[PDB]
Amino acid sequence: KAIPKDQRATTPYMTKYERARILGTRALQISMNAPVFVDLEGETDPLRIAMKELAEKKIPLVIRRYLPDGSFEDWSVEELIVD
Amino acid sequence: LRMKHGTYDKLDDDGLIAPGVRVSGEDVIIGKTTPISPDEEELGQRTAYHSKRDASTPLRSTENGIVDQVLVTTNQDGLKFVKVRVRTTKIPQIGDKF
Amino acid sequence: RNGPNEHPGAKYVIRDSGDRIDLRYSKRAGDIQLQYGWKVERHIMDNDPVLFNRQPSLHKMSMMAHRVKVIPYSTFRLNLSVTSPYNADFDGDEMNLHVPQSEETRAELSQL
Amino acid sequence: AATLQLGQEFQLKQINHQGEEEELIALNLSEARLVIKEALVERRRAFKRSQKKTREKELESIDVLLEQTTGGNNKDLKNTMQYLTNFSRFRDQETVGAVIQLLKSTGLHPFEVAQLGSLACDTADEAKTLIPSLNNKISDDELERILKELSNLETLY
Amino acid sequence: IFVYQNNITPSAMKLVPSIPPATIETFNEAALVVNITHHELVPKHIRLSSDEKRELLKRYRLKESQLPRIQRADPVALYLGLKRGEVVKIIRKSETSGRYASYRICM
Amino acid sequence: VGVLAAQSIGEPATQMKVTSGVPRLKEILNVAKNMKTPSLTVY
Amino acid sequence: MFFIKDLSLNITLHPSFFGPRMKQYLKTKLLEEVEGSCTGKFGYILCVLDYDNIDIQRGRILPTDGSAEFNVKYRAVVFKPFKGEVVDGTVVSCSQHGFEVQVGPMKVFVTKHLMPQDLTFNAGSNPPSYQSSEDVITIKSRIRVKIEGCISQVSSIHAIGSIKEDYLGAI
Amino acid sequence: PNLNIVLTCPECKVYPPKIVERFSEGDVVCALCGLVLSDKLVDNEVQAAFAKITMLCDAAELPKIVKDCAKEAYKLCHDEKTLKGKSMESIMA
Amino acid sequence: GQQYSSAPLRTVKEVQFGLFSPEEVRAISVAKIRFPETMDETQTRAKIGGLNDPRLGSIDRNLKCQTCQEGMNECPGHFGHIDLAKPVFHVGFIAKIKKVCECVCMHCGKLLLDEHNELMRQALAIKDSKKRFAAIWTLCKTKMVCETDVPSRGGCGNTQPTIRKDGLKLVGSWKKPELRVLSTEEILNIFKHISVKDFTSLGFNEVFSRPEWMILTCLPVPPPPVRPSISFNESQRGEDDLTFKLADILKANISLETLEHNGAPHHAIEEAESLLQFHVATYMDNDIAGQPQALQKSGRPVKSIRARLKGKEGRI
Amino acid sequence: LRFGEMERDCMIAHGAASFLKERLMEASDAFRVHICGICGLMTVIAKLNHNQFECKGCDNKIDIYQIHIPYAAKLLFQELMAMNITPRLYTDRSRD
Amino acid sequence: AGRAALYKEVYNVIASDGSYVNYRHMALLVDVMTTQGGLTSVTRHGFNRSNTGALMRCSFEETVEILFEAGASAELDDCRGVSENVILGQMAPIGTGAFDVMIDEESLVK
Amino acid sequence: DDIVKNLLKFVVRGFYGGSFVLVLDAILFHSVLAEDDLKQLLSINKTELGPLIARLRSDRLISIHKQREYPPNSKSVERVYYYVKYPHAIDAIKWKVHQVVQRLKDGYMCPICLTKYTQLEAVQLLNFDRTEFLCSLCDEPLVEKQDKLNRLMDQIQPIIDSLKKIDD
Ligand SMILES: [Mg+2]
Ligand SMILES: [Zn+2]
Ligand SMILES: [Zn+2]
Ligand SMILES: [Zn+2]
Ligand SMILES: [Zn+2]
């Protein structure tokens, strides 16, 4: 039931599975034209553009991590340390 | 009706491909037809077509070659039927095995 | 405009209405112009990732993404370092390829 | 049907989005016209706020408002407002204000009190026939005494 | 605790659960000849206090059923005289972690 | 992980006088009540 | 019966709508779909109260199509017709089986068999009217109708009533 | 009662259907605008009589076509009035 | 490509299993399916009440399936029912029925033994359903006499017989020896008398699962989508083995109806029943051990539903 | 080409769910059915150009849910039903 | 002791073949064979007879019997199992899909 | 047993023809018969007695005990005992009469579609363009006692009065 931030016990690193999914999802949205938050270098491929955002943490998503009890944490993809 | 979309141009009137004709996949070697009862189906345009459902044995989709030989013969019980023999050169290729 | 027969081309179009137009027979009508949100089905082109598999497939290694390089003739070509995890040797062996159809999935393959 | 047994959502017991319990809200149509006409007024402001950076005369004044606030794709509301307007017993909320008070005293069920103010009744039997659940709960005269008062408080058309 | 030499009449065994809460553990002499726990393969066991337990379950967010289960007839279980719903801890010396705690619950 | 272990074990099985090898492994997984060559090692 | 109720609804944004102003888009789709629509459960949805305080909750993204789903809790006014209910209405269409009563957004039909014996249909009038021993039922004429039965369909509602009994008929 | 399905192009509408069907792609397409119409195209007395008849034609070594023409014939006659007899030997012959 | 629907889209989470209340069957089913014929007398269209009528879903892409309309693509297919003249056993549960009987009384329909017994008291504490049924059945199979009075209780001191499965039948054995095959109805009656406490004390759920439902008083008919026709040469009609089985179960049923209706030797009845039971049995399971298999006219064994699910390349 | 049990398991071993789902739905077969919210059965009669629905016998014209399943799983159910087993389905968690 | 001994038994047939498998995997296997409190075979008998969801059980070995006993006992299936979610064709609670992705308004404004 | 015999005669008048009534009266004349006694007593055959026996078995009208005469001369003796059970007959007649009264106490169809509609379907089928009830799929036109049941009920009322007299 949405453990509060002070009590969030999980790994602040972004598991590869997460990074994979967020990439896919964001890239999909981008392909569907949802606004892009980073100035392109001339990029075209959405998946590239997605990674380009992920580097700068401009991706505006939030991960809901279900614990086995049924509860969850919500980490913002911007606060998760990556790599 | 129900006619296949391979080209029939090669067929001689009898419904066979005279040998020596170069054929390719989806071509129709043997033009065979069946009668249909008008009331039986009336599916799609069958009422307008009035007549004969198309059953023709095509050449294999992927093959091609030259018809070597065609023979016609009545079998044991008297039905006219035909065999067709299509020769093709298969040249050694990258995928081929030895 | 390149049509289905030339390689860099598209087989079908899907309008935002969710209706597929076959590009064969489209030329007879003579013109098609795309609008954002339409989905065009294009031939595989260089760098599209694809799963690739050699059965019985008893390793998680036995199914791996790959980055397509279109080349002529018939067999799938692949480097020989990768022959061991598939438990593969090149005599009559065959390998099933699988194209993901969704941008999401396409990403997952490259990233996992 | 009306035994005063309604749907699950239409059950007398309600709860708000804050999680607090509430009694069901039923409406005779006087204020029912007004509240709808009410909200559209503030709704019109919010449209112009973000834009910066007789009873016959009522029908057309609403329709124009229906062309502004509402996209115009709603016929039902256009049908509803007219329905509300023509059959409204009480024109002014000021009048309705006492009506909402008067009608609810004994604590009659929401469905009951709604039909009372939304319909014209004279005799107790008239009401209690149209609303069968009022038979044994309230005396005939106590009802009519209100029914008399209601017809008196009716806004002159 | 009652140690017997060879065997006991079934009637006597039946009369054993006759004094709750008190219980009677019954061991064979020939069975106790060697303590099992001294054996190499048996890692140290610890019985737990209910308070400690409720802490355990709360911290891992578990139902009793969800714990790895141990059976009453287990020689170790008999040895410590466990009862149902009582949690034991096990410290096994791991060749990866080097000290690995574990938790089980009598059936 | 569960799969990854299952594969990880079953694969070296594919590449396979005390009973040994695959047939031994079969005994183990089956938890055979009775096995071919029971044995002890006493110190 | 005109009531008010707290209602929930789920909404789907196409990705292109995710700009910061999106909440406004939410309130837009909410009004567009909800107001004027019907739902078999809660009846005809009329107007949405409390426009400003609408709760957005927390938007979840679903699998493929990448479209954001939401759950909106709002308070609104809706009309739910009921069986054994007395209502007033103005005729619109006239059939030999009966005249169709317009009550609010809802069109109620009354069967001729549900009508008194003295009440008779007249096709010799323009438009066709019902001429009883006393009252004459025409389009613009007002009639008090007690609703006998209701049919509730997801997204629609239709129903029947009878003026046969006492305290009923033309207004 | 109705139940007959016809395939028509809502964008063309000019004619009734004039289409081609693609078996490999398992889809059916209007030949004009090149629109796909459909997808996922899927790929006691008597028995006694025919028994003894079967035996007879068999002993006679007549090819199955003849046998089956006679079967068909006999079914048409069957129980009809005008036959009015013949004991089942005459009819079989 | 399927047509739009305004229904709310959700994903399955919980999945609950049970048995069909024959009442609910009838509530669901759209036809009685009286006539064993397949197509119409005209030889086109459908028998309209035969095994396949437009009420059930329709194939061929040109037929709109009267009840749903829509297509063959859209139509889920719909269920028919058949009213069994005489009740029959669902094969899969023949075993568990046998145990159930052995567990309970055969007259007053009460659990043998009782709560008063200590062993029973112990077993009832078990939370696992299956284990509870097993443990209890160890006790109740042994005691062969229901008893009117017990020291610290139901009546009917009748001696509970031994039940032995023999050839798709159950045979009672009384030492009192009295040997009687056990008819369906009497058994069903017993199950009807089982108290809620009783069967819920066994592995059954009062809502979804009743021994009454384990016995078949009526039967569902799958739409053709389960059992489609196939065409050979595309000019010859091919019928599915399930369709042939429905034709058999029907014909057998109609026979048993008529024989029951009039002219009953009661040796013919008991046979005609055993025929019905057999057809329905091999319909659900062809491969039951010791019984004769149902052979399609070609000599091949019929492929029963169970065969469709069972092996590799089965549906699962 | 056949994408089998083992092949699946390799996917699970990579932990890529989306791909698996796609490859077992869009890539092969996907089917859309309506189910009652009382009886979990597929009984629902959906007649729509009219947006009309009834599950007869639980008498629900109101609450019906839309789902997608592989066409085969559909068969698996209808088979069970034809075998007199009810595989009721529910989109909410009653056990909680 | 049964556990550790078991690991030792397994570990032998691997080192016998000369192959090497990480300690983890064998450990995981053993522990699964154990937690029931007695040695649970890997057979139609041993694990398949546990209480896990019907679909998951019926897929492995005896499908008709498992389904009949399920419907007999009115067994509930939560569908947290992998194979179950597969049969139903919905995204499994594993890997990529073990968690769920949401949009936040807060960071989106900034 | 005169009242029971009169009720049985009334049931014979209501249910079936006169031959069944005569067979019941013949059983009433003679105390007990075994499976062959009606045949000796009646000019009807045993196979036809069998259709009538199946008709009696369909209802609760009478009762059968199945008994063997044990003495071992050849195959012994199949004797059937037909004895009327009054309670089952009383219960079945009451259920039938009450059900009949319920049936007495208790519409749109398209010619080409052969469908069927009801009042709730009437609200759905109404069209504003024309004035008519239109079919759903085919859009075809729609088309489509108690006092007589009450008079036949007057016959039922004498039977109910006879049942009340039999009860008390
Ligand atoms: Mg090789
Ligand atoms: Zn076209
Ligand atoms: Zn249908
Ligand atoms: Zn008893
Ligand atoms: Zn339902």
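Restricting the range A:3-54 to residues that are more than 14 Å from the chain's Cα centre (by Cα) and of a type in the set (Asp, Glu), the residue that is farthest from K:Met102 (Cα to Cα) is A:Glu41.
Taken over the range E:81-99, residues that are surrounded by 15 or more Cβ atoms within 10 Å (Cβ to Cβ) and more than 10 Å from chain K (Cβ to nearest Cβ) amount to 5. Taking the options K:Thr35, K:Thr43, K:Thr96, name whichever one is over 25 Å from A:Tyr17 (Cβ atoms) and in contact with a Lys or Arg (Cβ under 8 Å, 6 or more places away or on another chain). Step by step, each of K:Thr35, K:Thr43, K:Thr96 is checked, and only K:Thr35 is over 25 Å from A:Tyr17 (Cβ atoms) and in contact with a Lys or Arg (Cβ under 8 Å, 6 or more places away or on another chain).
Taking each residue of the range K:52-79 that is more than 8 Å from every other protein chain (Cβ to nearest Cβ) and looking for partners that are among the hydrophobic types (A, V, I, L, M, F, W, C) with beta-carbon atoms closer than 6 Å, six or more apart or interchain, yields K:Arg57/K:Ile66; K:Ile66/K:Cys58. Among the residues of the range I:171-193, just one is over 23 Å from the mean Cα position of the chain (by Cα) and acidic (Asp, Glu), namely I:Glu178. The set of residues in the range A:15-50 being assigned to a loop (DSSP other than H, G, I, E, B) and either crowded, with 22+ Cβ neighbours inside 10 Å or small (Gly, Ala, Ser) (or both) consists of A:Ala34, A:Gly42.
For the range C:24-56, the set of residues classified as part of a loop (DSSP other than H, G, I, E, B) and out of contact with any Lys or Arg (no Cβ under 9 Å at 6 or more places or on another chain) consists of C:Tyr25, C:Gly30, C:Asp31, C:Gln33, C:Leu34, C:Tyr36, C:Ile44, C:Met45, C:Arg54, C:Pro56, listed by residue number.
From the residues in the range G:55-81 that are within 22 Å of G:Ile4 (Cβ to Cβ) and surrounded by fewer than 19 Cβ atoms within 10 Å (Cβ to Cβ), which one is nearest to the other protein chains (Cβ to nearest Cβ)? By that ranking, first place goes to G:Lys73. Annotation: I:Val100 fulfils all but one of (1) within 14 Å of chain K (Cβ to nearest Cβ); (2) more than 16 Å from ligand 4 (Cβ to nearest atom); the unmet one is (2). Tell me yes or no: at least one residue of the range C:34-54 is within 11 Å of another protein chain (Cβ to nearest Cβ), within 16 Å of ligand 1 (Cβ to nearest atom) and not hydroxyl-bearing (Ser, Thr, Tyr). For the range C:34-54, residues within 11 Å of another protein chain (Cβ to nearest Cβ), within 16 Å of ligand 1 (Cβ to nearest atom) and not hydroxyl-bearing (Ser, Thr, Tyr): present. For the range K:1-21, a residue qualifies if it is more than 7 Å from every other protein chain (Cβ to nearest Cβ) and surrounded by fewer than 17 Cβ atoms within 10 Å (Cβ to Cβ), and the qualifying residues are K:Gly2, K:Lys8, K:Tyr11, K:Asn12, K:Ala15, K:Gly18, K:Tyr20.
Of all the listed residues (I:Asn233, I:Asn205, I:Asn189), the sole one being at positive phi and surrounded by fewer than 21 Cβ atoms within 10 Å (Cβ to Cβ) is I:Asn233. The number of residues in the range I:135-146 that are surrounded by 15 or more Cβ atoms within 10 Å (Cβ to Cβ) and either more than 8 Å from ligand 4 (Cβ to nearest atom) or within 14 Å of chain K (Cβ to nearest Cβ) (or both) comes to 7.
Among strands (runs of 3 or more DSSP E) lying entirely in the range H:1-56, which contain 1 or more residues that are within 16 Å of ligand 3 (Cβ to nearest atom) and surrounded by 15 or more Cβ atoms within 10 Å (Cβ to Cβ)? Break it down stepwise before answering.
On the way: elements: H:19-22, H:27-30, H:36-39.
Strands (runs of 3 or more DSSP E) meeting the threshold: none at all.
Looking at I:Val15, I:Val30, I:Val25, which one is within 14 Å of chain J (Cβ to nearest Cβ), among the β-branched types (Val, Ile, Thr) and part of a strand (DSSP E or B)?
Numbers: I:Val30 fails: part of a strand (DSSP E or B); I:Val25 fails: part of a strand (DSSP E or B).
Going through I:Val15, I:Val30, I:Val25 in turn, just one is within 14 Å of chain J (Cβ to nearest Cβ), among the β-branched types (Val, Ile, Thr) and part of a strand (DSSP E or B): I:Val15.
Tell me which helices (runs of 4 or more DSSP H) are completely within the range I:166-266 and hold 1 or more residues being within 12 Å of another protein chain (Cβ to nearest Cβ) and of a type outside the set (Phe, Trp, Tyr), or say none if there are none.
Hits in the range I:166-266: I:196-201, I:211-214, I:241-261.
Could you grab me the full set of residues in the range C:72-112 that are part of a helix (DSSP H, G or I) and either in contact with a strand residue (DSSP E or B) (Cβ under 7 Å, 6 or more places away or on another chain) or within 16 Å of ligand 5 (Cβ to nearest atom) (or both)? Of everything in the range C:72-112, those that are part of a helix (DSSP H, G or I) and either in contact with a strand residue (DSSP E or B) (Cβ under 7 Å, 6 or more places away or on another chain) or within 16 Å of ligand 5 (Cβ to nearest atom) (or both) turn out to be C:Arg106, C:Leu109, C:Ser110. On the stretch given as the range I:85-97, residues that are crowded, with 22+ Cβ neighbours inside 10 Å and either away from chain K (no Cβ under 14 Å) or within 16 Å of ligand 5 (Cβ to nearest atom) (or both) total 1. Residues of the range B:34-54 being surrounded by 15 or more Cβ atoms within 10 Å (Cβ to Cβ) and among the β-branched types (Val, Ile, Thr), which ones? Of everything in the range B:34-54, just one residue is surrounded by 15 or more Cβ atoms within 10 Å (Cβ to Cβ) and among the β-branched types (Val, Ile, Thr), namely B:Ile36. Restricting the range I:61-96 to residues that are hydrophobic (A, V, I, L, M, F, W, C) and in a strand (DSSP E or B) leaves a set whose member that is nearest to ligand 2 (Cβ to nearest atom) is I:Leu63. When you go through L:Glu121, L:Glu144 one by one, which is the residue that is under 31 Å from the mean Cα position of the chain (by Cα), within 14 Å of chain G (Cβ to nearest Cβ) and charged (D, E, K, R)? Residue meeting the stated conditions: L:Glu144.
In a residue-by-residue description of the range H:71-92, the property of being within 16 Å of ligand 2 (Cβ to nearest atom) and in a loop (DSSP other than H, G, I, E, B) applies to no position. Does I:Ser255 satisfy the condition of being surrounded by fewer than 17 Cβ atoms within 10 Å (Cβ to Cβ) and either within 29 Å of I:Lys64 (Cβ to Cβ) or basic (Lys, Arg) (or both)? Judged against the criteria, I:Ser255 is not a match.
Only residues that are surrounded by fewer than 22 Cβ atoms within 10 Å (Cβ to Cβ), over 13 Å from the mean Cα position of the chain (by Cα) and outside any loop (DSSP other than H, G, I, E, B) were counted in the range K:41-63, giving 1. Looking only at residues in the range E:30-49 that are of a type outside the set (A, V, I, L, M) and loosely packed, with under 10 Cβ neighbours inside 10 Å, the one that is nearest to the other protein chains (Cβ to nearest Cβ) is E:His39.
Filtered by the rule that a residue be near ligand 3 (Cβ under 8 Å from one of its atoms) and within 11 Å of chain H (Cβ to nearest Cβ), the range I:48-65 gives I:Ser58, I:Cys65.
Listed here are the residues, each with its yes/no results for (1) farther than 14 Å from C:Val50 by Cβ; (2) within 16 Å of ligand 3 (Cβ to nearest atom); (3) more than 13 Å from the chain's Cα centre (by Cα); (4) assigned by CATH to the domain that holds C:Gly37.
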{"site": "C:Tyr73", "(1), (2), (3), (4)": "yes, no, yes, no"}
{"site": "C:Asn79", "(1), (2), (3), (4)": "yes, no, yes, no"}
{"site": "C:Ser84", "(1), (2), (3), (4)": "yes, no, yes, no"}
{"site": "C:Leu97", "(1), (2), (3), (4)": "no, no, no, no"}
{"site": "C:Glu108", "(1), (2), (3), (4)": "no, no, yes, no"}
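Counting only residues that are among the aliphatic types (A, V, I, L, M) and more than 12 Å from chain C (Cβ to nearest Cβ), which one in the range H:15-42 is farthest from C:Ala10 (Cα to Cα)?
In the first step, residues of the range H:15-42 are kept if they are among the aliphatic types (A, V, I, L, M); the result is H:19-20, H:28-29, H:31-32, H:35-37, H:41-42.
Subset that is more than 12 Å from chain C (Cβ to nearest Cβ): H:41-42.
Values: H:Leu41: 22, H:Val42: 25 Å.
Within the range H:15-42, the match that is farthest from C:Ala10 (Cα to Cα) is H:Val42.
Selection of first residues in the range J:29-58 that are within 19 Å of I:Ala31 (Cβ to Cβ) and of second residues that are within 16 Å of ligand 2 (Cβ to nearest atom) and among the charged types (D, E, K, R), restricted to Cβ pairs under 8 Å at least 6 apart or on distinct chains, gives an empty result.
Basis: the model, the stated rules and, where named, an outside source; nothing here is a laboratory result. All Cβ positions, even for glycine, are placed from backbone atoms using ideal geometry, and neighbour counts span all protein chains on display.
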